[PDB]
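**Student:** Next comes data_5.pdb, PDB, C-alpha atoms:
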MODEL        1
ATOM      1  CA  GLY A   1     335.860 270.131  66.900
ATOM      2  CA  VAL A   2     335.069 267.470  69.543
ATOM      3  CA  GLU A   3     333.420 270.406  71.298
ATOM      4  CA  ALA A   4     330.482 270.299  68.854
ATOM      5  CA  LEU A   5     329.990 266.511  69.089
ATOM      6  CA  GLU A   6     329.367 266.490  72.848
ATOM      7  CA  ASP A   7     326.909 269.380  72.358
ATOM      8  CA  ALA A   8     324.767 267.797  69.682
ATOM      9  CA  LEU A   9     324.896 264.778  72.024
ATOM     10  CA  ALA A  10     323.672 266.697  75.089
ATOM     11  CA  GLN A  11     320.984 268.447  72.974
ATOM     12  CA  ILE A  12     319.667 265.141  71.628
ATOM     13  CA  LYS A  13     319.340 263.835  75.213
ATOM     14  CA  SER A  14     317.334 266.971  76.111
ATOM     15  CA  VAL A  15     315.416 267.603  72.923
ATOM     16  CA  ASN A  16     314.295 264.010  73.464
ATOM     17  CA  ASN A  17     313.439 264.617  77.151
ATOM     18  CA  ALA A  18     311.034 267.364  76.156
ATOM     19  CA  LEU A  19     309.411 265.261  73.489
ATOM     20  CA  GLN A  20     308.686 262.375  75.856
ATOM     21  CA  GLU A  21     307.109 264.983  78.109
ATOM     22  CA  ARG A  22     304.687 265.930  75.346
ATOM     23  CA  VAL A  23     303.712 262.317  74.723
ATOM     24  CA  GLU A  24     303.267 261.331  78.396
ATOM     25  CA  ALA A  25     301.071 264.456  78.791
ATOM     26  CA  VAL A  26     298.834 263.429  75.873
ATOM     27  CA  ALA A  27     298.573 259.938  77.369
ATOM     28  CA  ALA A  28     297.745 261.483  80.761
ATOM     29  CA  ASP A  29     294.931 263.444  79.073
ATOM     30  CA  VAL A  30     293.521 260.436  77.241
ATOM     31  CA  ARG A  31     293.393 258.789  80.733
ATOM     32  CA  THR A  32     291.780 261.807  82.443
ATOM     33  CA  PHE A  33     289.222 262.289  79.639
ATOM     34  CA  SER A  34     288.534 258.563  79.460
ATOM     35  CA  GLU A  35     288.112 258.206  83.205
ATOM     36  CA  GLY A  36     286.035 261.396  83.625
ATOM     37  CA  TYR A  37     283.971 260.305  80.637
ATOM     38  CA  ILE A  38     283.040 256.812  81.862
ATOM     39  CA  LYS A  39     282.177 258.293  85.249
ATOM     40  CA  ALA A  40     279.781 260.956  83.853
ATOM     41  CA  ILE A  41     278.144 258.134  81.871
ATOM     42  CA  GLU A  42     277.582 256.061  85.032
ATOM     43  CA  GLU A  43     276.175 259.080  86.943
ATOM     44  CA  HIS A  44     273.789 260.041  84.094
ATOM     45  CA  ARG A  45     272.795 256.400  83.575
ATOM     46  CA  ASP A  46     271.962 256.189  87.245
ATOM     47  CA  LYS A  47     269.802 259.326  87.421
ATOM     48  CA  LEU A  48     267.853 258.108  84.386
ATOM     49  CA  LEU A  49     267.371 254.630  85.806
ATOM     50  CA  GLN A  50     266.302 256.291  89.064
ATOM     51  CA  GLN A  51     263.677 258.520  87.394
ATOM     52  CA  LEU A  52     262.360 255.628  85.333
ATOM     53  CA  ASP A  53     261.843 253.669  88.524
ATOM     54  CA  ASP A  54     260.054 256.655  90.088
ATOM     55  CA  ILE A  55     257.894 256.805  86.964
ATOM     56  CA  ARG A  56     257.230 253.077  87.351
ATOM     57  CA  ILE A  57     256.312 253.639  90.978
ATOM     58  CA  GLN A  58     254.350 256.914  90.925
ATOM     59  CA  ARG A  59     252.285 255.111  88.228
ATOM     60  CA  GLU A  60     251.357 251.914  90.092
ATOM     61  CA  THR A  61     250.196 254.268  92.826
ATOM     62  CA  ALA A  62     248.013 256.416  90.600
ATOM     63  CA  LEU A  63     246.547 253.174  89.163
ATOM     64  CA  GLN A  64     245.403 252.178  92.658
ATOM     65  CA  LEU A  65     243.793 255.547  93.549
ATOM     66  CA  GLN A  66     241.711 255.256  90.452
ATOM     67  CA  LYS A  67     241.056 251.501  90.760
ATOM     68  CA  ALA A  68     239.778 252.365  94.240
ATOM     69  CA  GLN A  69     237.991 255.673  93.622
ATOM     70  CA  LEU A  70     236.117 253.606  91.043
ATOM     71  CA  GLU A  71     235.189 250.661  93.262
ATOM     72  CA  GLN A  72     233.729 253.286  95.594
ATOM     73  CA  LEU A  73     231.387 254.373  92.780
ATOM     74  CA  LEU A  74     230.526 250.728  92.140
ATOM     75  CA  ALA A  75     229.582 250.354  95.805
ATOM     76  CA  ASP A  76     227.713 253.683  95.820
ATOM     77  CA  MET A  77     225.615 252.111  93.070
ATOM     78  CA  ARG A  78     225.096 248.528  94.315
ATOM     79  CA  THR A  79     223.966 250.173  97.603
ATOM     80  CA  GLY A  80     222.175 253.486  98.349
TER      81      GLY A  80
ATOM     82  CA  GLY B   1     225.855 252.350  85.469
ATOM     83  CA  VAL B   2     227.413 249.324  87.130
ATOM     84  CA  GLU B   3     228.662 247.480  84.028
ATOM     85  CA  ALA B   4     229.983 250.830  82.817
ATOM     86  CA  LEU B   5     232.295 251.054  85.799
ATOM     87  CA  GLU B   6     233.262 247.387  85.684
ATOM     88  CA  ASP B   7     234.651 248.374  82.270
ATOM     89  CA  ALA B   8     236.523 251.542  83.212
ATOM     90  CA  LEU B   9     238.254 249.176  85.661
ATOM     91  CA  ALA B  10     239.282 246.588  83.039
ATOM     92  CA  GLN B  11     240.538 249.465  80.850
ATOM     93  CA  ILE B  12     242.607 251.073  83.583
ATOM     94  CA  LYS B  13     244.035 247.612  84.247
ATOM     95  CA  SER B  14     245.307 246.852  80.768
ATOM     96  CA  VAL B  15     246.467 250.374  79.878
ATOM     97  CA  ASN B  16     248.801 249.851  82.807
ATOM     98  CA  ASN B  17     250.481 246.563  81.779
ATOM     99  CA  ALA B  18     251.278 248.267  78.459
ATOM    100  CA  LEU B  19     252.785 251.431  79.929
ATOM    101  CA  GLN B  20     254.687 249.260  82.412
ATOM    102  CA  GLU B  21     256.317 247.281  79.590
ATOM    103  CA  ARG B  22     257.262 250.416  77.707
ATOM    104  CA  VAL B  23     258.997 252.012  80.687
ATOM    105  CA  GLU B  24     260.791 248.767  81.270
ATOM    106  CA  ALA B  25     261.985 248.932  77.713
ATOM    107  CA  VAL B  26     263.339 252.458  77.937
ATOM    108  CA  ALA B  27     265.213 251.330  81.049
ATOM    109  CA  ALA B  28     266.585 248.289  79.161
ATOM    110  CA  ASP B  29     268.044 250.512  76.441
ATOM    111  CA  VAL B  30     269.298 252.960  79.029
ATOM    112  CA  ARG B  31     271.258 249.956  80.284
ATOM    113  CA  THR B  32     272.406 248.629  76.896
ATOM    114  CA  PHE B  33     273.698 252.072  75.792
ATOM    115  CA  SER B  34     275.910 252.549  78.802
ATOM    116  CA  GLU B  35     277.671 249.200  78.526
ATOM    117  CA  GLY B  36     278.234 249.561  74.843
ATOM    118  CA  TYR B  37     279.292 253.207  75.358
ATOM    119  CA  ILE B  38     281.680 252.461  78.244
ATOM    120  CA  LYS B  39     283.056 249.535  76.286
ATOM    121  CA  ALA B  40     283.859 251.794  73.301
ATOM    122  CA  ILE B  41     285.345 254.551  75.461
ATOM    123  CA  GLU B  42     287.617 251.890  77.020
ATOM    124  CA  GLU B  43     288.549 250.181  73.749
ATOM    125  CA  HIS B  44     289.484 253.499  72.221
ATOM    126  CA  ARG B  45     291.438 254.762  75.219
ATOM    127  CA  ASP B  46     293.455 251.588  74.865
ATOM    128  CA  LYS B  47     294.073 251.874  71.104
ATOM    129  CA  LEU B  48     295.268 255.462  71.673
ATOM    130  CA  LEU B  49     297.409 254.631  74.676
ATOM    131  CA  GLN B  50     298.958 251.891  72.499
ATOM    132  CA  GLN B  51     299.945 254.086  69.585
ATOM    133  CA  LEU B  52     301.213 256.687  71.964
ATOM    134  CA  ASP B  53     303.329 253.870  73.384
ATOM    135  CA  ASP B  54     304.636 252.960  69.895
ATOM    136  CA  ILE B  55     305.681 256.529  69.235
ATOM    137  CA  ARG B  56     307.717 256.427  72.450
ATOM    138  CA  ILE B  57     309.239 253.023  71.723
ATOM    139  CA  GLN B  58     310.180 253.958  68.145
ATOM    140  CA  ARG B  59     311.736 257.264  69.158
ATOM    141  CA  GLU B  60     313.618 255.703  72.065
ATOM    142  CA  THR B  61     315.122 253.065  69.813
ATOM    143  CA  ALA B  62     316.245 255.721  67.316
ATOM    144  CA  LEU B  63     317.719 257.642  70.216
ATOM    145  CA  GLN B  64     319.625 254.621  71.516
ATOM    146  CA  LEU B  65     320.915 253.795  68.038
ATOM    147  CA  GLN B  66     321.916 257.362  67.319
ATOM    148  CA  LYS B  67     323.491 257.869  70.739
ATOM    149  CA  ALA B  68     325.455 254.649  70.222
ATOM    150  CA  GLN B  69     326.611 256.053  66.855
ATOM    151  CA  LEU B  70     327.838 259.398  68.120
ATOM    152  CA  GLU B  71     329.336 257.769  71.212
ATOM    153  CA  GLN B  72     331.545 255.765  68.799
ATOM    154  CA  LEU B  73     332.879 258.910  67.050
ATOM    155  CA  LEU B  74     333.316 260.361  70.542
ATOM    156  CA  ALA B  75     335.864 257.634  71.335
ATOM    157  CA  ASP B  76     337.461 257.560  67.842
ATOM    158  CA  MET B  77     337.901 261.333  68.175
ATOM    159  CA  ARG B  78     339.336 261.158  71.705
ATOM    160  CA  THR B  79     342.219 259.586  69.740
ATOM    161  CA  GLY B  80     341.364 257.711  66.503
TER     162      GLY B  80
ATOM    163  CA  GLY C   1     227.172 260.013  94.171
ATOM    164  CA  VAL C   2     227.838 262.460  91.326
ATOM    165  CA  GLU C   3     230.056 264.201  93.892
ATOM    166  CA  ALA C   4     232.548 261.320  93.740
ATOM    167  CA  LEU C   5     232.581 261.142  89.908
ATOM    168  CA  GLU C   6     233.922 264.672  89.416
ATOM    169  CA  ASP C   7     236.596 263.973  92.093
ATOM    170  CA  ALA C   8     237.904 260.915  90.299
ATOM    171  CA  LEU C   9     237.645 263.131  87.208
ATOM    172  CA  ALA C  10     239.740 265.894  88.762
ATOM    173  CA  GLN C  11     242.122 263.183  90.058
ATOM    174  CA  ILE C  12     242.905 261.602  86.686
ATOM    175  CA  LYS C  13     243.160 265.128  85.210
ATOM    176  CA  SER C  14     245.728 265.985  87.915
ATOM    177  CA  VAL C  15     247.464 262.663  88.364
ATOM    178  CA  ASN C  16     248.245 262.934  84.658
ATOM    179  CA  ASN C  17     249.744 266.413  85.163
ATOM    180  CA  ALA C  18     252.211 264.857  87.594
ATOM    181  CA  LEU C  19     253.074 261.941  85.325
ATOM    182  CA  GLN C  20     253.670 264.238  82.350
ATOM    183  CA  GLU C  21     255.893 266.479  84.447
ATOM    184  CA  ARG C  22     257.853 263.357  85.370
ATOM    185  CA  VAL C  23     258.245 262.080  81.806
ATOM    186  CA  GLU C  24     259.004 265.668  80.696
ATOM    187  CA  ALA C  25     261.819 265.986  83.261
ATOM    188  CA  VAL C  26     263.320 262.690  82.106
ATOM    189  CA  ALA C  27     263.457 263.793  78.469
ATOM    190  CA  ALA C  28     264.754 267.190  79.564
ATOM    191  CA  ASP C  29     267.678 265.373  81.185
ATOM    192  CA  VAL C  30     268.351 263.115  78.229
ATOM    193  CA  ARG C  31     268.674 266.485  76.377
ATOM    194  CA  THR C  32     271.236 268.144  78.701
ATOM    195  CA  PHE C  33     273.266 264.921  78.986
ATOM    196  CA  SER C  34     273.540 264.449  75.242
ATOM    197  CA  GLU C  35     274.325 268.126  74.744
ATOM    198  CA  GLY C  36     276.776 268.121  77.674
ATOM    199  CA  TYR C  37     278.471 265.074  76.220
ATOM    200  CA  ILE C  38     278.839 266.205  72.674
ATOM    201  CA  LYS C  39     280.516 269.373  73.955
ATOM    202  CA  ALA C  40     282.989 267.401  76.085
ATOM    203  CA  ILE C  41     283.779 265.170  73.094
ATOM    204  CA  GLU C  42     284.405 268.139  70.814
ATOM    205  CA  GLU C  43     286.561 269.903  73.441
ATOM    206  CA  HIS C  44     288.738 266.840  74.123
ATOM    207  CA  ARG C  45     288.915 265.891  70.434
ATOM    208  CA  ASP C  46     290.239 269.395  69.883
ATOM    209  CA  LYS C  47     292.743 269.592  72.756
ATOM    210  CA  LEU C  48     294.093 266.251  71.511
ATOM    211  CA  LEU C  49     294.153 267.152  67.835
ATOM    212  CA  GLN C  50     295.998 270.202  69.089
ATOM    213  CA  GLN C  51     298.699 268.484  71.176
ATOM    214  CA  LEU C  52     299.473 266.086  68.349
ATOM    215  CA  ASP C  53     299.981 268.975  65.959
ATOM    216  CA  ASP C  54     302.397 270.465  68.504
ATOM    217  CA  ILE C  55     304.148 267.108  68.557
ATOM    218  CA  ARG C  56     304.811 267.114  64.822
ATOM    219  CA  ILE C  57     305.951 270.756  65.006
ATOM    220  CA  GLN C  58     308.213 270.313  68.030
ATOM    221  CA  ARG C  59     309.633 267.273  66.157
ATOM    222  CA  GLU C  60     310.349 268.909  62.778
ATOM    223  CA  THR C  61     312.282 271.519  64.733
ATOM    224  CA  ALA C  62     314.247 268.995  66.760
ATOM    225  CA  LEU C  63     315.073 267.290  63.430
ATOM    226  CA  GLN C  64     316.315 270.475  61.788
ATOM    227  CA  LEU C  65     318.422 271.465  64.839
ATOM    228  CA  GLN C  66     320.053 268.064  64.729
ATOM    229  CA  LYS C  67     320.541 267.991  60.946
ATOM    230  CA  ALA C  68     322.037 271.456  61.145
ATOM    231  CA  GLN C  69     324.200 270.586  64.115
ATOM    232  CA  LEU C  70     325.409 267.507  62.257
ATOM    233  CA  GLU C  71     326.252 269.358  59.038
ATOM    234  CA  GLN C  72     328.334 271.726  61.196
ATOM    235  CA  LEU C  73     330.436 268.713  62.263
ATOM    236  CA  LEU C  74     330.611 267.271  58.765
ATOM    237  CA  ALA C  75     331.987 270.669  57.741
ATOM    238  CA  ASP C  76     334.320 271.030  60.748
ATOM    239  CA  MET C  77     335.772 267.870  59.255
ATOM    240  CA  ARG C  78     335.986 268.755  55.527
ATOM    241  CA  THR C  79     337.851 271.915  56.645
ATOM    242  CA  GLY C  80     339.969 272.675  59.742
TER     243      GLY C  80
ATOM    244  CA  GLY D   1     334.493 260.191  59.476
ATOM    245  CA  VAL D   2     332.520 262.214  56.991
ATOM    246  CA  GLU D   3     330.782 259.034  55.874
ATOM    247  CA  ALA D   4     329.700 258.449  59.483
ATOM    248  CA  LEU D   5     327.951 261.787  59.625
ATOM    249  CA  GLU D   6     326.618 261.441  56.097
ATOM    250  CA  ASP D   7     325.048 258.333  57.686
ATOM    251  CA  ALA D   8     323.539 259.862  60.816
ATOM    252  CA  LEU D   9     321.957 262.416  58.474
ATOM    253  CA  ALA D  10     320.214 259.720  56.422
ATOM    254  CA  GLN D  11     319.086 257.947  59.612
ATOM    255  CA  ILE D  12     317.492 261.033  61.109
ATOM    256  CA  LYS D  13     315.822 261.608  57.740
ATOM    257  CA  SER D  14     314.280 258.125  57.719
ATOM    258  CA  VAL D  15     313.365 257.928  61.410
ATOM    259  CA  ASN D  16     311.405 261.121  60.978
ATOM    260  CA  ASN D  17     309.029 260.022  58.204
ATOM    261  CA  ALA D  18     308.046 257.017  60.340
ATOM    262  CA  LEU D  19     307.285 259.115  63.399
ATOM    263  CA  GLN D  20     305.362 261.585  61.249
ATOM    264  CA  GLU D  21     303.117 258.822  59.918
ATOM    265  CA  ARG D  22     302.441 257.331  63.358
ATOM    266  CA  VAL D  23     301.415 260.747  64.717
ATOM    267  CA  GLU D  24     299.271 261.409  61.680
ATOM    268  CA  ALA D  25     297.515 258.120  62.157
ATOM    269  CA  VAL D  26     296.971 258.661  65.866
ATOM    270  CA  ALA D  27     295.250 261.923  64.904
ATOM    271  CA  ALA D  28     293.229 260.206  62.167
ATOM    272  CA  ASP D  29     291.819 257.965  64.914
ATOM    273  CA  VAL D  30     291.095 260.868  67.242
ATOM    274  CA  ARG D  31     288.959 262.102  64.375
ATOM    275  CA  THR D  32     287.133 258.842  63.652
ATOM    276  CA  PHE D  33     286.407 258.119  67.330
ATOM    277  CA  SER D  34     284.664 261.458  67.895
ATOM    278  CA  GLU D  35     282.589 260.831  64.773
ATOM    279  CA  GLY D  36     281.465 257.449  66.129
ATOM    280  CA  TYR D  37     280.994 258.711  69.720
ATOM    281  CA  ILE D  38     279.028 261.768  68.586
ATOM    282  CA  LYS D  39     277.052 259.926  65.929
ATOM    283  CA  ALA D  40     275.959 257.132  68.216
ATOM    284  CA  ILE D  41     275.207 259.345  71.209
ATOM    285  CA  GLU D  42     272.806 261.133  68.864
ATOM    286  CA  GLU D  43     271.206 257.895  67.681
ATOM    287  CA  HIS D  44     270.634 257.054  71.339
ATOM    288  CA  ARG D  45     269.114 260.364  72.466
ATOM    289  CA  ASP D  46     266.835 259.997  69.502
ATOM    290  CA  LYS D  47     265.893 256.409  70.322
ATOM    291  CA  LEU D  48     265.144 257.329  73.966
ATOM    292  CA  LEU D  49     263.444 260.596  73.115
ATOM    293  CA  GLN D  50     261.126 258.654  70.750
ATOM    294  CA  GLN D  51     260.155 256.080  73.382
ATOM    295  CA  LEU D  52     259.567 258.646  76.071
ATOM    296  CA  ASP D  53     257.314 260.319  73.545
ATOM    297  CA  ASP D  54     255.351 257.085  72.983
ATOM    298  CA  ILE D  55     254.891 256.713  76.744
ATOM    299  CA  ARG D  56     253.273 260.142  76.493
ATOM    300  CA  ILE D  57     251.082 259.261  73.575
ATOM    301  CA  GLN D  58     249.982 255.926  75.053
ATOM    302  CA  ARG D  59     249.056 257.651  78.289
ATOM    303  CA  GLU D  60     247.539 260.732  76.652
ATOM    304  CA  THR D  61     245.094 258.717  74.584
ATOM    305  CA  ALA D  62     244.154 256.402  77.450
ATOM    306  CA  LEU D  63     243.306 259.546  79.347
ATOM    307  CA  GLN D  64     241.201 260.815  76.440
ATOM    308  CA  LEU D  65     239.399 257.477  76.242
ATOM    309  CA  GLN D  66     238.794 257.291  79.976
ATOM    310  CA  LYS D  67     237.848 260.957  80.199
ATOM    311  CA  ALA D  68     235.258 260.422  77.443
ATOM    312  CA  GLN D  69     233.848 257.372  79.241
ATOM    313  CA  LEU D  70     233.372 259.129  82.574
ATOM    314  CA  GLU D  71     232.207 262.329  80.914
ATOM    315  CA  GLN D  72     229.268 260.256  79.628
ATOM    316  CA  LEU D  73     228.215 258.863  83.049
ATOM    317  CA  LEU D  74     228.425 262.459  84.255
ATOM    318  CA  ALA D  75     225.643 263.360  81.806
ATOM    319  CA  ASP D  76     223.570 260.180  82.267
ATOM    320  CA  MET D  77     223.660 260.797  86.029
ATOM    321  CA  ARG D  78     222.991 264.533  85.757
ATOM    322  CA  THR D  79     219.608 263.202  84.602
ATOM    323  CA  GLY D  80     219.077 259.456  84.144
TER     324      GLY D  80
ENDMDL
END
As structure tokens - that is how I would like this structure written.
**Tutor:**
Amino acid sequence: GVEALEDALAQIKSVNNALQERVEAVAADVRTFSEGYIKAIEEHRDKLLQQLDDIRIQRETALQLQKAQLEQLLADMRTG
Amino acid sequence: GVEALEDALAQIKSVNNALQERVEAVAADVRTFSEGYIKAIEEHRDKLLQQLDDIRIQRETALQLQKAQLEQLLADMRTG
Amino acid sequence: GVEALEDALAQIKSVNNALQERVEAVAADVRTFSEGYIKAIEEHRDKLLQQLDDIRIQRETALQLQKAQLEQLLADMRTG
Amino acid sequence: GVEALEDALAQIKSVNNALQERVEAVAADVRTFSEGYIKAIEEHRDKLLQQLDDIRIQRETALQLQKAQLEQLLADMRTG
């Protein structure tokens, strides 16, 4: 009778509860993934930038050891 | 043998400017990707968080409306 | 004299080894990152695609439970 | 009070199509984003992998050219 109305009414309030749970959860995940993602990008971007700078630097150095080892040979000629 | 070496020098010198530029370019793109990428990740996170919101809003309103409806019977059945 | 020419020649031949290793490493990493990413994207795209499917399902069922609970009432009326 | 419940029924029916669509569309986006993300990661890896490669070529050939140049002196000094 009026029994069944108050039931359907309590169910609705709960079957809704559990659906909002599912949505918040999905939203939580989107946030987790999106945060974790951006981070991993920054880290990886940094490493790469780092290694490029080391390439830039280990190169200027090699340049010099040649540039020099060569001006030695020049001298070795112009002299003895 | 002198002029020879004067040359090896000039060669070493200008092979360097070139490889310098290139590395600087890789680094540039390494930058550009990450801002673009992090932009997109953000944009999309938002668009998804938004529709997830709309699902909630839409379902809540239908709850409120439906509750209101069955609340009315609830009174009109308490006597009515 | 000729001593110092084969040194500079073993230098360049070695200093290149080191620069290749460096560039190799970089590209190695670009590889793992992109691979690592694409995985993560697939995994999250899947988990999401999955939770949303659960949301339709868990919704269809809430619907039917309501509909059915309502028709019960509508009948409780038409009869006793 | 039948009509009331005949009404709830119809409301439930119509709320549900709407919430179906919205969840569909959410999922449609989850699909498209991963296609973009994945696609353009891959473009990038390729772009960078290419340039790293060119750094290699540009250096490799400069080495070849320099090697050849100093190989010659080596001969023209191993006699005169």
**Student:** At a cut-off of 7 Å, can you tabulate as JSON lines every residue of chain A near chain B together with its closest atom pair and the distance in Å to one decimal, using all atoms listed in the file and ordering rows by chain then number?
**Tutor:**
{"residue": "A:2", "atom": "CA", "partner": "B:77", "partner_atom": "CA", "distance": 6.9}
{"residue": "A:20", "atom": "CA", "partner": "B:56", "partner_atom": "CA", "distance": 6.9}
{"residue": "A:23", "atom": "CA", "partner": "B:52", "partner_atom": "CA", "distance": 6.7}
{"residue": "A:27", "atom": "CA", "partner": "B:49", "partner_atom": "CA", "distance": 6.1}
{"residue": "A:30", "atom": "CA", "partner": "B:45", "partner_atom": "CA", "distance": 6.4}
{"residue": "A:34", "atom": "CA", "partner": "B:45", "partner_atom": "CA", "distance": 6.4}
{"residue": "A:38", "atom": "CA", "partner": "B:38", "partner_atom": "CA", "distance": 5.8}
{"residue": "A:41", "atom": "CA", "partner": "B:34", "partner_atom": "CA", "distance": 6.8}
{"residue": "A:45", "atom": "CA", "partner": "B:30", "partner_atom": "CA", "distance": 6.7}
{"residue": "A:49", "atom": "CA", "partner": "B:27", "partner_atom": "CA", "distance": 6.2}
{"residue": "A:52", "atom": "CA", "partner": "B:27", "partner_atom": "CA", "distance": 6.7}
{"residue": "A:56", "atom": "CA", "partner": "B:20", "partner_atom": "CA", "distance": 6.7}
{"residue": "A:67", "atom": "CA", "partner": "B:9", "partner_atom": "CA", "distance": 6.3}
{"residue": "A:70", "atom": "CA", "partner": "B:5", "partner_atom": "CA", "distance": 7.0}
{"residue": "A:74", "atom": "CA", "partner": "B:2", "partner_atom": "CA", "distance": 6.1}
{"residue": "A:77", "atom": "CA", "partner": "B:2", "partner_atom": "CA", "distance": 6.8}
**Student:** Report, in Å to a single decimal, how far apart atom CA of residue 62 of chain A and atom CA of residue 54 of chain D are.
**Tutor:** 19.1 Å
**Student:** Record the distance separating atom CA of residue 7 of chain B and atom CA of residue 75 of chain D, expressed in Å with one decimal.
**Tutor:**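 Taking atom CA of residue 7 of chain B and atom CA of residue 75 of chain D, their separation equals 17.5 Å.
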**Student:** Return as JSON the box centre and box size in Å, one decimal, for an axis-aligned box around all listed atoms of segment 34-50 of chain C padded by 5 Å per side.
**Tutor:**
{"center_x": 284.8, "center_y": 267.3, "center_z": 72.8, "size_x": 32.5, "size_y": 15.8, "size_z": 19.8}
**Student:** Hey, can you check how far atom CA of residue 69 of chain D sits from atom CA of residue 11 of chain B?
**Tutor:**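 We find that atom CA of residue 69 of chain D and atom CA of residue 11 of chain B lie 10.5 Å from each other.
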**Student:** Could you rebuild segment 49-62 of chain A with N, CA, C and O atoms and give it back as a PDB file, keeping the file's coordinate frame?
**Tutor:**
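Result written to result-v9.pdb:
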ATOM      1  N   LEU A  49     267.938 255.856  85.267  1.00  0.00           N
ATOM      2  CA  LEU A  49     267.371 254.630  85.806  1.00  0.00           C
ATOM      3  C   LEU A  49     266.506 254.966  87.019  1.00  0.00           C
ATOM      4  O   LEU A  49     265.393 254.465  87.152  1.00  0.00           O
ATOM      5  N   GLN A  50     267.014 255.863  87.872  1.00  0.00           N
ATOM      6  CA  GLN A  50     266.302 256.291  89.064  1.00  0.00           C
ATOM      7  C   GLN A  50     264.928 256.828  88.669  1.00  0.00           C
ATOM      8  O   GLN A  50     263.907 256.316  89.126  1.00  0.00           O
ATOM      9  N   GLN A  51     264.911 257.848  87.791  1.00  0.00           N
ATOM     10  CA  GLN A  51     263.677 258.520  87.394  1.00  0.00           C
ATOM     11  C   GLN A  51     262.702 257.558  86.712  1.00  0.00           C
ATOM     12  O   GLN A  51     261.490 257.661  86.900  1.00  0.00           O
ATOM     13  N   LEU A  52     263.232 256.611  85.933  1.00  0.00           N
ATOM     14  CA  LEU A  52     262.360 255.628  85.333  1.00  0.00           C
ATOM     15  C   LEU A  52     261.669 254.807  86.419  1.00  0.00           C
ATOM     16  O   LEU A  52     260.466 254.513  86.344  1.00  0.00           O
ATOM     17  N   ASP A  53     262.430 254.467  87.463  1.00  0.00           N
ATOM     18  CA  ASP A  53     261.843 253.669  88.524  1.00  0.00           C
ATOM     19  C   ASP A  53     260.786 254.476  89.278  1.00  0.00           C
ATOM     20  O   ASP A  53     259.713 253.952  89.566  1.00  0.00           O
ATOM     21  N   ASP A  54     261.056 255.770  89.515  1.00  0.00           N
ATOM     22  CA  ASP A  54     260.054 256.655  90.088  1.00  0.00           C
ATOM     23  C   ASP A  54     258.839 256.753  89.164  1.00  0.00           C
ATOM     24  O   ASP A  54     257.709 256.797  89.651  1.00  0.00           O
ATOM     25  N   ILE A  55     259.055 256.799  87.842  1.00  0.00           N
ATOM     26  CA  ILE A  55     257.894 256.805  86.964  1.00  0.00           C
ATOM     27  C   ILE A  55     257.142 255.487  87.147  1.00  0.00           C
ATOM     28  O   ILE A  55     255.928 255.487  87.326  1.00  0.00           O
ATOM     29  N   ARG A  56     257.872 254.368  87.148  1.00  0.00           N
ATOM     30  CA  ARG A  56     257.230 253.077  87.351  1.00  0.00           C
ATOM     31  C   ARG A  56     256.417 253.094  88.645  1.00  0.00           C
ATOM     32  O   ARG A  56     255.321 252.556  88.702  1.00  0.00           O
ATOM     33  N   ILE A  57     256.933 253.761  89.673  1.00  0.00           N
ATOM     34  CA  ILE A  57     256.312 253.639  90.978  1.00  0.00           C
ATOM     35  C   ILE A  57     255.156 254.623  91.187  1.00  0.00           C
ATOM     36  O   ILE A  57     254.080 254.228  91.638  1.00  0.00           O
ATOM     37  N   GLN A  58     255.382 255.896  90.845  1.00  0.00           N
ATOM     38  CA  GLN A  58     254.350 256.914  90.925  1.00  0.00           C
ATOM     39  C   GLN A  58     253.153 256.542  90.039  1.00  0.00           C
ATOM     40  O   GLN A  58     252.071 257.105  90.192  1.00  0.00           O
ATOM     41  N   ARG A  59     253.326 255.542  89.156  1.00  0.00           N
ATOM     42  CA  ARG A  59     252.285 255.111  88.228  1.00  0.00           C
ATOM     43  C   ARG A  59     251.425 254.002  88.832  1.00  0.00           C
ATOM     44  O   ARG A  59     250.200 254.058  88.745  1.00  0.00           O
ATOM     45  N   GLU A  60     252.070 252.972  89.398  1.00  0.00           N
ATOM     46  CA  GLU A  60     251.357 251.914  90.092  1.00  0.00           C
ATOM     47  C   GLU A  60     250.461 252.552  91.158  1.00  0.00           C
ATOM     48  O   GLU A  60     249.339 252.117  91.409  1.00  0.00           O
ATOM     49  N   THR A  61     250.965 253.622  91.776  1.00  0.00           N
ATOM     50  CA  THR A  61     250.196 254.268  92.826  1.00  0.00           C
ATOM     51  C   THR A  61     248.975 254.915  92.201  1.00  0.00           C
ATOM     52  O   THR A  61     247.871 254.649  92.643  1.00  0.00           O
ATOM     53  N   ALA A  62     249.167 255.725  91.158  1.00  0.00           N
ATOM     54  CA  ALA A  62     248.013 256.416  90.600  1.00  0.00           C
ATOM     55  C   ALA A  62     246.945 255.409  90.169  1.00  0.00           C
ATOM     56  O   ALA A  62     245.765 255.614  90.459  1.00  0.00           O
TER      57      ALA A  62
END
